[PDB]
């Protein structure tokens, strides 16, 4: 249950930031000595709560969905990925033409979009593409911006390799994406250049 626990640790870490923020915000509201910050506290509760909703709507499909056969609308996927990009620096350029997407496609695309975002820790553009053609659905996310970089744990996860030294959270997501694309019969590919990275997957459709 080592894999499962690492994924749970990931989820907990992402949710804990905005949840702590709400708590803090409300502590400030009640503290008779911080009345100078009432409005910033109230804004922080509102925004954190929105951040949490966005992260939970996303995590339910990206991580929580089952292997079971089910189509999603790509517009709804755009919406989930847009929600997660709202709370980090890079911008999202979603280019999948609206259409229904099978379940591996859908779990795959959401994960790919976020790995692309977290490859851009000083901003940039994550361009998301996805075409149904030739008995497949083929996804590619291009991340572009300063110091764009797939960390080593991400790359080892995307190849299904154990985690060496590097962070569990980035890894578990990448390995999870690898395992689900392999169980589906497809393949992961990566490109790395100067100020750029891209992550690609195909799956049968």
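Positions refer to the first chain, counted from 1.
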Fill in: Average Cα temperature factor in the PDB entry - higher stretch of 47-55, 132-140
132-140
Worksheet entry | Selected stretch [higher average CA B-factor]: 111-119 or 67-75 | 67-75
Worksheet item: What third of its chain, lowest, middle or highest, does the C-alpha temperature factor of residue 90 fall into?
Response: lowest
Worksheet item: Which third of the chain holds residue 35 when residues are ordered by C-alpha B factor: lowest, middle or highest?
Response: highest
Discussion item. Sorting by Cα B-factor within the chain, modelled residues only, which third would residue 10 end up in: lowest, middle or highest?
Written reply: lowest
Item to complete: Within this chain's modelled residues, let me know which third the CA B factor of residue 126 belongs to: lowest, middle or highest.
Response: middle
Fill in: B-factor third for the C-alpha atom of residue 205 within its chain
highest
